[PDB]
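Notes follow once the structure below has been shown.
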Amino acid sequence: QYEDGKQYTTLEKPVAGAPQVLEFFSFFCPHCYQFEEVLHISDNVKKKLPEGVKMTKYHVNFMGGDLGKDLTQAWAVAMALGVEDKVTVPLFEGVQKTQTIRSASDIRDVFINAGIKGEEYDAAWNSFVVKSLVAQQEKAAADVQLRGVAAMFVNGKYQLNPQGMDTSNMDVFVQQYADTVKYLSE
Amino acid sequence: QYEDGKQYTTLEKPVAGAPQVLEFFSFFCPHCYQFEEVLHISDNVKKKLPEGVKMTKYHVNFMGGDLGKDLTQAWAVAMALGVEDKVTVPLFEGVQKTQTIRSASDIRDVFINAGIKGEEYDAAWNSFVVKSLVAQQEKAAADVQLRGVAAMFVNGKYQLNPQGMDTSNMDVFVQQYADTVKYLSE
Amino acid sequence: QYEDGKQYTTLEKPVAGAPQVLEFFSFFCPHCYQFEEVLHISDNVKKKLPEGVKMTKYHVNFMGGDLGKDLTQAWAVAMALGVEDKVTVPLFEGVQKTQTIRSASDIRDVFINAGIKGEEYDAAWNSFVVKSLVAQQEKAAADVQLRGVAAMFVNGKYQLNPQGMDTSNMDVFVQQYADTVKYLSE
Amino acid sequence: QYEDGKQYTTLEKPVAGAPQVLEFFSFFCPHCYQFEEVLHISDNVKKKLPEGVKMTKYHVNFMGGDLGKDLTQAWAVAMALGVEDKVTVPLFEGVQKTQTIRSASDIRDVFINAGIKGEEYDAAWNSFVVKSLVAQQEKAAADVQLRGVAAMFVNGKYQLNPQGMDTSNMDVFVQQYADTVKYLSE
Amino acid sequence: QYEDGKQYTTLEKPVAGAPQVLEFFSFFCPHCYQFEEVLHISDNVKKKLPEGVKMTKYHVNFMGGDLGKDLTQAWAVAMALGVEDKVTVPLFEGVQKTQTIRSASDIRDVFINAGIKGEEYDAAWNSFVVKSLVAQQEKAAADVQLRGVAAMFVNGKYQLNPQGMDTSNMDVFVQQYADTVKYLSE
Amino acid sequence: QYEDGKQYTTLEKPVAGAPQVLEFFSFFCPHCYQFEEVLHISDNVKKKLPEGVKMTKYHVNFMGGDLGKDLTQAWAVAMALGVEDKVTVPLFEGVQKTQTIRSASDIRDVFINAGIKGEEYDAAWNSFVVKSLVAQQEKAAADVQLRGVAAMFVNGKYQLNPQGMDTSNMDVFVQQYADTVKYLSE
């Protein structure tokens, strides 16, 4: 069955005000690229979420240095304009696969190609909303004392532990994962 | 009497989760020195504050560039250790009066001379608490779409307007100011 | 009547060569903002000054640290170009009201908008005249052993004392102030 | 005989209020070291000056950057304490010969070894007198539009031109120099 | 001839950064309805403007409450899309003449009928450019301390004064008005 | 037990940079003579102070008028020469007991008899260290807003309240007094 220490551990300092399903990642995170592109953990977890429970994705600085910071802003922008779905994959592929995203410019060019108007990306980039979203992201990462580049917590109480799941068969891993979320979301 | 647009304006986007009495400042903001060292606004406002209402101070980046950022973290440290009272003035004098705080090191010694153990300051400086506090401070300044270096907000609804008070007599200005806060704190 | 210790005190070291009416200020001083914009002391004093007696204004460094120093050079430039009246208010507002003057560039902006050609402000800024003016300002603040950011001295002998004037009614205060100057200017 | 352009040139902007014999120098200047230690210009000029005419020495900043500034304030303390004779040489050697004066502490010890109590050197250092004396030096340098580190002006009207004197024999140069000052000092 | 107080007054606080020709209005202001439809001020002024000087129109809130806000944003959209000419009249008639615009929806249908795609209007409506344009309009009105719903300023220095022009004959008032602009625009 | 308002009160404006144990007196002060000569408060307090904590005595001007100022410089001289123990009692007796100190001379005769050479007493008197020390004493008195001629502060926070101690038995008063200091010195 689901046991603490098994497919999930519990925070000795539960984070209040934390979103129901919180995932941190990085466009530099290789397995995170796998979780999205290949496994589709996001979708499969989102599909089994009770009505009302929303999935939140923050990005982390620790990896990439400056491009690490710029990507976080770009994610905030992505969140502000609501074009996450449009830009998530191209950002992963541009950074890791095609290795075409070497600077802020390249990230811009990604949003532009997804349909966002240069002038608007730039407006958004400099907005206060984005400014606060970034700080929001940076704070959430600090509150749960995030050590790694990827992690997912539920209700700021628990943290998913994939190292504690049947990894022999991915299709099993996925379902077991999604399940632990839904289970923990109550 | 107290009117919106007179001694205080209202935010078109009330910030939820914001502290009751929030003041933004910078150790580079010289006129702010006069507020602390000369006028003692903080004290006078804190003295006329209803029971429960708490005064909150956040530092801002925009001014001093890097030293600006370091000072902000330092303020986060000050908050984390609860040594605000001990380090405020020295920090003001060091940066502005004596001009001896030209680097993070100098900021460390101000705290040191205030009684904080170098080792401990250095511990807090890299703590997650402080990392979070800084983000908290950055976020808040964005939420209230802060434009300048100084300002004060009550209940995330109103923003004090000193430009709308009797400045002819400071003793009058101070009381009138402290009054607008208490009044707006309900 | 006018008594030493009442509306004015006398220097135990009368400064020789000091201008007839000498006022020290800083575009960072609260009290100073009021005196100019609100009470208009400068005007009211200048208006009751006997024929010949000139009013001299010097800016002070102790406050603002580097900006303090820069504003002082800017004031020397103001004097160098004879544009005092043009730039006084803007500087007070930019620094204290709109909080737009955060650096030397900003102080420069103000001169340009007031009609001074960028190239000419820049020329004056680096002139020996201005270099001297500053020194002149710095020396005077030291000769009268200036402890604060604002003060007025007459004939290098007396220092006005507003703390010893009827502050209950500003229109009275102003007149009483202006009178003490005229009185002391002989 | 003595001709403008020969052993002296005249200022196109005679400085009013300037000392009778005004010499500018630097504890970093070679020419200035030669003059004092080897040539003894000061003495010889002072020995031929009419009764009443006083020789005045001011230090310049433009050389040594910060130590340049520290040396100037030190010179002012020298002037404030009246120990110019006691410290002139040691400062010249400490800087140029033994190269032991690398910081403000080094200047201090020199005064200490010259008989000035530390506590007092320190007191003088922060005095208003010194503060003024520095500014005084700083202005005077500006007024005569000093381009170089060394130079001598008489009555704010003329500037000695050693380049135009007989330099083949040092004892002739010194006398000839000492003479142009006495001549110009009337 | 053109005299201050006659066909134009001058701001005691000239706004720096304000556009050359800045007009404020509201789709609720009858006065404005008259100026556009009947008098054609805008056209006449624009026709007499020197090469380079651009005419700018900002809308204002204080009139219409919420609909006042929506029109402001709708104006911003008109500006963002550059369809001012296409929608100005219909907005005036719809609000004032036919009185058909009773809600944000009616504004959208107007743009739609003018030739803007619903999807595109909706895009622009939410864009950041527009969000900024709105803030831009809101601030400009504040900088010039606009009291009325309608006003026109030139170079942030002068404010046109129609109340001091020959109103007996409209064709004269218009010409007189356009002229004051052209004159004041230098 | 020790309660605020009981044997001590607290400053609503704690003084930063203030010595650990500060005592203000005047050689004109009566109970100060008791405290020293009879009670020996100074000794008994200094004898119970933690290692490192130093006792500091400043003199006040408000009493004696000019002799008051003179006595304050003379105390400054005592401090600079470090002869406080030698001259304290004599000054008390000369002023109050034998009434032989009626002018500066008389105070000088005291120093000379204590062993200080006239010439040295005179050098010290005019030193910058004494000038500064005086200023230091005057400032401190003001910072703690000293109202009376005598008072003792600990850590710039607390002010001893002898009016709230068992005065029935002096040996009790003493200990209780010295105790409250030690207690407050932490």
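Chains: A, B, C, D, E and F, in written order; residue numbering restarts at 1 for each.
Going forward, contacts are C-beta pairs under 8 Å (C-beta built on N, C-alpha and C of every residue); 3 or more make two chains touch, one makes a residue touch a chain.
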Option in A-B, B-F or A-E whose residue-number contact pairs overlap D-F by over half: A-E
Cα superposition angle of chain B on its copy chain E, in degrees to the nearest 5: 175
Rounded Å distance between chain A and chain E, as computed from the means of their C-alpha atoms: 46
Rounded Å distance between chain B and chain C, as computed from the means of their C-alpha atoms: 29
Centroid distance [mean C-alpha coordinates] between chain F and chain C, Å: 39
Approximate Å spacing (C-alpha centroids) for the pair chain B, chain D: 49
Overlap residues in chain B, where contacts from two or more other chains coincide: none
Footprint of chain B on chain A - complex, ascending: 17, 128-129, 131-132, 134-136, 138-139, 142-143, 145
List of chain C residues in touch with chain B within their complex: 26, 28-31, 33-34, 37-39, 62-68, 95-100, 102, 149, 167, 170
Contacting residues of chain F [partner chain B, same complex]: 12-14, 16
List of chain E residues in touch with chain A within their complex: 127-129, 131-132
Residue ranges of chain A in contact with chain E within the complex: 80, 117, 119-120, 123-124, 127
